[PDB]
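This document starts with two versions of one protein chain, written out as structure tokens and named structure 1 and structure 2.
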Structure 1
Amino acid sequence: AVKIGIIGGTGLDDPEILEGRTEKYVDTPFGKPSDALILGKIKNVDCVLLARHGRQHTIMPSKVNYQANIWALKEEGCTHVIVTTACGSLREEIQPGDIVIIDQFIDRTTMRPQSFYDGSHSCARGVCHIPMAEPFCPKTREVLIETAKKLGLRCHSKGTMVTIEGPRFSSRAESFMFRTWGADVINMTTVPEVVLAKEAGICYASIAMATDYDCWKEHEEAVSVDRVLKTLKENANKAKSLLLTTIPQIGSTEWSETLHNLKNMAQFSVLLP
């Protein structure tokens, strides 16, 4: 019974990838999601699409309701969440237009709730300490990696995403610092989205698309809103094709054991009185 949540990021807020589309606005105990859920199918696989920033990109990264978004997808029955995220490259070999199937993060966010279990919601009682050693589902990641290869897409098989609070871009001193820390790409949205997915027992993976070299690299176009959007206009089709081709493979794979183990990890992370 797989059902794939898709969270569309910058330049991919509402990708025309689902057949048999039906719009459904929902509510959650953590408030309204960013926008309507878009229910549909890719081949015979049920999907639920959601614009991270709203379909008109009106919500800045700090104000995205990550709890509501993940809650809504889980409540709709999603077993997996595969997302897109635009990002800056911190490595020469990760070129604008490249995809990075990230496997780690470094949190630089400051303003964001990272748990459903805040002691104020009867829907999630207790104190939850979710493990983050392996934040992304390696089985989903492996299907994304193999599919990118079949599509002939420049794709990096791992990567560490530094997530900054924003909405400003980083200073040059910060950009260089993140490089010394071993971060490979930079964005504003991976945390706490990945964390809440893990608490929900969902297989989560991220299609990171490099759009710029932040501001560390000489003789490159400086990061700006226009530069990010231009790179996505040129390359977003690659993410769309990757989703379209990956999802049927996920639908034909066995997931019960993977999902059971995630459910157990999430369940045993909650300390009750």
Structure 2
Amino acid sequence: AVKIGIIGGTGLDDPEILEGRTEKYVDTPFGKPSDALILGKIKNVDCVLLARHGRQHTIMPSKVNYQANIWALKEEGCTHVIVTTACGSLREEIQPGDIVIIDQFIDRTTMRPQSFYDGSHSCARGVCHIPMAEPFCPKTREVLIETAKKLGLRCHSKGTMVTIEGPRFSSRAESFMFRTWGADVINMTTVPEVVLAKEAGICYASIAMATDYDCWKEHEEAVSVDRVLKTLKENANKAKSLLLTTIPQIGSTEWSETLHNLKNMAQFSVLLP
């Protein structure tokens, strides 16, 4: 069965869009999810919705309960998780408003749990070393790409997200260094969400929306909260249209082989006594 966890800036909740809406507060072995899971049906496909920074944004990216979020989506039975994220563009040709279907990351985070297998829980015994060669679901990305071209939206079919610890924005020196590293976009939340998704055997893809060019331009104002907020307001419909047209397609594709493979990868990543 297809069940799609959706994380992020999605006005997808709900009434016209979400049929059979149910609000469910969840307690996981890793503590509390960011907010109540919102459960329902979007065009006859089972979905689960989750606001990353909580009821009206009160928790910093560093202190987001990533373990609880992923574990709670898996336990509802999600086979997919498709997320949305604001990001800074590190390249001229990724303009604010553009979607980037990222395919790689570089971790610049420092204070974040990145495994369920942390020694502390009976649900996750042993040590897990999960492969990250292909951090993002190949077939989901493809649908995301096909669908954005169907929508005639500006879109980059690939890209490397650098995830900074934050909550501060980058210095200029840092911005230029990530440029030399070959990173395309920058955020605060992609790691460890994607790593925990893979540990859980979930197919996970990210819709990244560029909102600013960070601070690397010498003659333009550098990123701020207010500039990200207004760009994000202007452009939020694109990520929303992309998901409404994507979700029909996911629920009408063959998935058993991808999910079987993802399950074995996660299974065989773990070392028991």
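What we label the rigid core is the largest C-alpha set whose atoms superpose within 1.5 Å from one form to the other. Residues are numbered by position in structure 1's sequence, first residue being 1. Shifts are known only where both forms have a C-alpha.
- Shown in the overlay between structure 1 and structure 2, fitted on the rigid core, is a CA shift at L262 smaller than 2 Å.
- When the rigid core is held fixed, the Cα atom of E220 travels 2 angstroms or more between structure 1 and structure 2.
- Shown in the overlay between structure 1 and structure 2, fitted on the rigid core, is a CA shift at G251 smaller than 2 Å.
- At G9, the distance the Cα travels between structure 1 and structure 2 is 4.2 Å after the core is superposed.
- After superposition on the rigid core, the Cα atom of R55 is displaced by 2.9 Å between structure 1 and structure 2.
- Taking the core as the fixed frame between structure 1 and structure 2, we note the C-alpha of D35 moving 0.3 angstrom.
- 9-20, 218-221 make up the set of runs between structure 1 and structure 2 where every Cα shifts by 2 Å or more, each run at least three residues long, with the core as reference frame.
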